[PDB]
Amino acid sequence: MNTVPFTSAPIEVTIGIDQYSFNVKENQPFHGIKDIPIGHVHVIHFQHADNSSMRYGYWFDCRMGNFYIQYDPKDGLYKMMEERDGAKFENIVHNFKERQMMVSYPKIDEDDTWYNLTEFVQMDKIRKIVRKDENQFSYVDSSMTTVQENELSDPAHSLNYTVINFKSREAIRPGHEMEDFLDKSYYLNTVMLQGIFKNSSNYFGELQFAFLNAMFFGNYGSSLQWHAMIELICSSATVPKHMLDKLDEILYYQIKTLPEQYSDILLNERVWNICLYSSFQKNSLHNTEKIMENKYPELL
Amino acid sequence: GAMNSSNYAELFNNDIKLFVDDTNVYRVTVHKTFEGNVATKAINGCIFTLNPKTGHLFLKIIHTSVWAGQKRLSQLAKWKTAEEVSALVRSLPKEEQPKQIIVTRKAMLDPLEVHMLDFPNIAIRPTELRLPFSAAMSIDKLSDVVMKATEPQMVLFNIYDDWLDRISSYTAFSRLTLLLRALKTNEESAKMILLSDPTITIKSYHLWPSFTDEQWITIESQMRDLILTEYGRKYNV
Ligand SMILES: Nc1c(Cl)ncnc1N1CCCC1
């Protein structure tokens, strides 16, 4: 069980770790988060008390290094930092856990929510969507735009999600215009799965990462990307049976986890009604359709 | 964006554009089967592709063989329309290709957009106008060439005859839409108006009678009466 210690908490802030969150008062004696489950990516995220504008945070995997959070009073945010001195990291951390100045990652043992939300999410892929190669962890915030959004301005600070566009030459084979537009199987299975993503795991990993950035940072381009990747599967007549079954599980847990009060902005009526009720796969997402109907029947 | 009363004059500027109407592409007669069920029989159709500035009409005849063995024909018709429009554009020299295509029904937007991906600089636009181009099959010579076709065929017409020698495009388009609106509201009366005076004839190479300027004012007047009337006969006013 790993640890992300904190130098201090000089400004009042709501801190999230994965789907959990807690309030830290200005200069409260807080020195980090312990007992973080090894084997999954994690996200630690922040909303300042004084400016709920800009939620921001860091995707990381404790297997890839020792990381601590230190406030920067010049740039005005909590920064993730990698300590190369493993003994100095250990020496600093042992002081913090003995003085009990850390919160514990509060994993209920029955609970598989985080695994189910990050099943296919790899750090190596995150780092290709979020380009900043001198760090092993990845910063995301509410304002960052996607490569595709920049097409329709600063590229260093972009989310390089895979561009999906249903009215594009990549999506539409010359001479199969109607066929490819109404049944997107060739775009899903040949262009995207076999060609770009290589397998369904990488596709699902990007889908899950896009949802999580939408949920935790309210990142609009991420929400667009999540819905587009759902719609591409639902609009395909020919989808491997294992992908549909896993998609249903993936979406079920995303909808289960979404804040009840954020469904108004984060869920696109058209995509969900088309996916659950008109698309080829209208019948293939039983768990997702049940939780949607019992939790957000207004949207439908 | 959409074409409407406010940007109406853009139709007559010097940027090449085409209206595309698909309302007569897929045409059926509905009838009873021996078992007393209902079935459709397709008849020949046409795409109505019109340059509103020059009057050039690219009438692609849609022969019933297009539909053989196909499902969801009303949906296919929109894609067949977009395929034939795209083929027409590709067939034209670059300096003749349109800069905008205006579809009269919004359901044509995505089919045409997808077929025109190779032409990113051709704007595909809807319109808020309720244009009467469905009535093009009330023009006798157009209806005749469609019904007589035994294979796919493109036939070229000037729907303005020689009007542009005497009037502007704007005026010619206004006359055309009034004629077609009349024909759509009451075809019999409309056609009676147009052929009442046997001295006025339709030239072999024209679609409409050879009216003098003064006779056109009278004809135009009578068509507006018909439309106002039928609107009374219909709403009781
Ligand atoms: N290494 C550190 C750890 Cl592990 N936790 C907090 N601060 C640290 N920094 C060391 C240099 C200044 C702050």
Side-chain angles (χ1 to χ4, degrees), chain A residues 1-107 114-115 118 121-127 129-144 156-157 209 212-213 216-217:
Chain A
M1 300 296 261
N2 268 134
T3 305
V4 162
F6 271 62
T7 301
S8 57
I11 71 161
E12 192 151 302
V13 63
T14 301
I15 301 180
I17 172 78
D18 297 350
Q19 76 269 36
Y20 312 107
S21 82
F22 51 97
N23 307 299
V24 176
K25 295 305 171 294
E26 179 190 311
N27 286 313
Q28 172 177 330
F30 173 87
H31 295 279
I33 309 171
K34 62 174 189 161
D35 303 329
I36 298 165
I38 305 157
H40 312 117
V41 311
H42 294 288
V43 61
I44 183 170
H45 44 107
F46 301 96
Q47 194 148 35
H48 299 180
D50 71 355
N51 170 64
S52 48
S53 312
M54 214 54 62
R55 285 178 264 169
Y56 61 97
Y58 303 90
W59 289 93
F60 65 98
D61 184 331
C62 283
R63 299 171 283 188
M64 292 169 68
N66 300 315
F67 306 120
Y68 66 89
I69 300 287
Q70 183 178 41
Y71 182 74
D72 168 12
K74 174 159 162 82
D75 290 348
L77 77 187
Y78 287 98
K79 293 195 168 158
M80 180 161 281
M81 311 297 212
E82 179 177 324
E83 190 36 79
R84 59 171 322 118
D85 183 351
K88 190 191 190 210
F89 169 79
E90 268 180 37
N91 249 207
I92 288 311
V93 178
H94 195 268
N95 189 82
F96 297 157
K97 218 182 264 169
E98 265 296 89
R99 312 211 288 154
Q100 294 200 38
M101 288 290 137
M102 301 195 171
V103 294
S104 167
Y105 188 95
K107 197 189 158 309
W114 190 245
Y115 172 76
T118 64
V121 184
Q122 313 180 281
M123 260 316 308
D124 78 86
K125 298 305 194 308
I126 289 180
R127 294 182 74 239
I129 293 160
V130 191
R131 307 195 166 292
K132 192 169 202 284
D133 285 320
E134 67 275 17
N135 298 329
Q136 298 279 290
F137 48 82
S138 300
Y139 170 96
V140 181
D141 68 29
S142 309
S143 76
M144 283 166 56
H157 213 57
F209 182 62
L212 292 167
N213 288 323
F216 286 126
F217 309 109

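Whatever order the structure lists them in is the order used to number ligands and atoms, beginning at 1. Each chain gets a letter, A, B and so on, in the order the sequences are listed, and its residues count up from 1. Scope of the values below: all heavy atoms of this structure, side chains included, with no hydrogens, waters or symmetry mates.
For atom 6 (C) of ligand 1, the closest heavy atom belonging to the protein is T7(A) OG1, 3.2 Å. Taking atom 8 (C) of ligand 1 as the reference point, the nearest protein heavy-atom neighbour is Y68(A) CE1, 3.4 Å.
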Where do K132(A) and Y139(A) land on the side chain to side chain contact (heavy atoms under 4.5 Å, CB included) test, with the steps shown first? CA-CA 9 Å; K132(A) 192 169 202 284; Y139(A) 170 96; 5.7 Å; no
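Between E82(A), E83(A), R84(A), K88(A), it is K88(A) that holds the heavy atom closest to atom 11 (C) of ligand 1.
Note: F22(A) and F30(A) have tilted aromatic rings, judged against thresholds of 30 and 60 degrees for the angle between ring planes.
Residue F89(A) has at least one heavy-atom neighbour below 4.0 Å for each of these atoms of ligand 1: 4 (Cl). For ligand 1, the atoms closer than 4.0 angstrom to any heavy atom of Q70(A) are 12 (C), 13 (C).
Taking the six-membered ring for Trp and the full ring otherwise, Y56(A) and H48(A) have centroids separated by under 6.0 Å.
Side-chain N or O atoms of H45(A) include one that pairs as donor or acceptor with a backbone N or O of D18(A) at under 3.5 Å.
Residues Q136(A) and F67(A) are in side-chain contact: their nearest non-hydrogen atoms beyond the backbone lie under 4.5 Å apart.
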